[PDB]
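Asks: just dropping in an experimental structure and the matching sequence.
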Amino acid sequence: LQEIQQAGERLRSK
Amino acid sequence: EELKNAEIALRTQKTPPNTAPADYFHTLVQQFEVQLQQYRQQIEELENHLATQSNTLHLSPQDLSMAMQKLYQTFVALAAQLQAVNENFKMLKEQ
C-alpha cells in the first residue's frame, strides 16, 4: 500500500 | 471456504432428501460495486506512478525533503493517536 500511498500523494502532487 | 460450502451443501442435500438465490445474487452485485471502484483507484494510482516514473531520472532532490517532512508530520499524528488509544486502555484498566 506504500506504492499506492505514494501514488495517492504524488498523484495529489503531479 | 470450499470445504465449508461443501459441508453446507451436503446438509442441504440431506434435508432435501427462490428467495435465498436472489439474495445471493444481490450480495454478489453488491461486493463488486466496491471492487470496480478499487479498480478505478488502482488505475489512477498506476497512471500516476507512471507519471512519476517519467520524472524518474535525476529530477529534483527537493521532493525528498518534502516527503520527509511529511513523514515527520504523519509519524507525529500516529504517535498522537497511539498515545491516546493506549491512555484509553489504561483508563479502562483503572476502571
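Replies: Yes, it's here. Numbers count the residues shown, from 1 in each chain, chains lettered A, B, ... in the order given.
Asks: only C-alpha atoms for contact and neighbour calcs from this point on.
Replies: Noted.
Asks: who in chain B is up against chain A?
Replies: Chain B comes close to chain A at residues B:42, B:45-46, B:48-49, B:51-52, as judged by Cα under 8 Å from any Cα of the partner chain.
Asks: residue B:42 - how many residues pack around it?
Replies: 15 (other Cα atoms under 10 Å in any protein chain shown).
Asks: how about it, what does it touch?
Replies: residue A:4 (Cα atoms under 8 Å, 6 or more residues apart in numbering or on different chains).
Asks: look up how far residue B:81 lies from the residue nearest the centre of chain B.
Replies: Chain B has residue B:38 as the residue nearest its centroid, 9.1 Å off, counting by Cα atoms, centre = their mean. Using Cα to Cα, to the nearest Å, residue B:38 is found at 27 Å from residue B:81.
Asks: distance from the chain centre to the helix or strand containing residue B:68, please.
Replies: Residue B:68 is part of helix B:63-94 when elements are defined by DSSP states H and E. Once both centres are worked out by Cα atoms, centre = their mean, to the nearest Å, helix B:63-94 turns out to sit 20 Å from its chain's centre.
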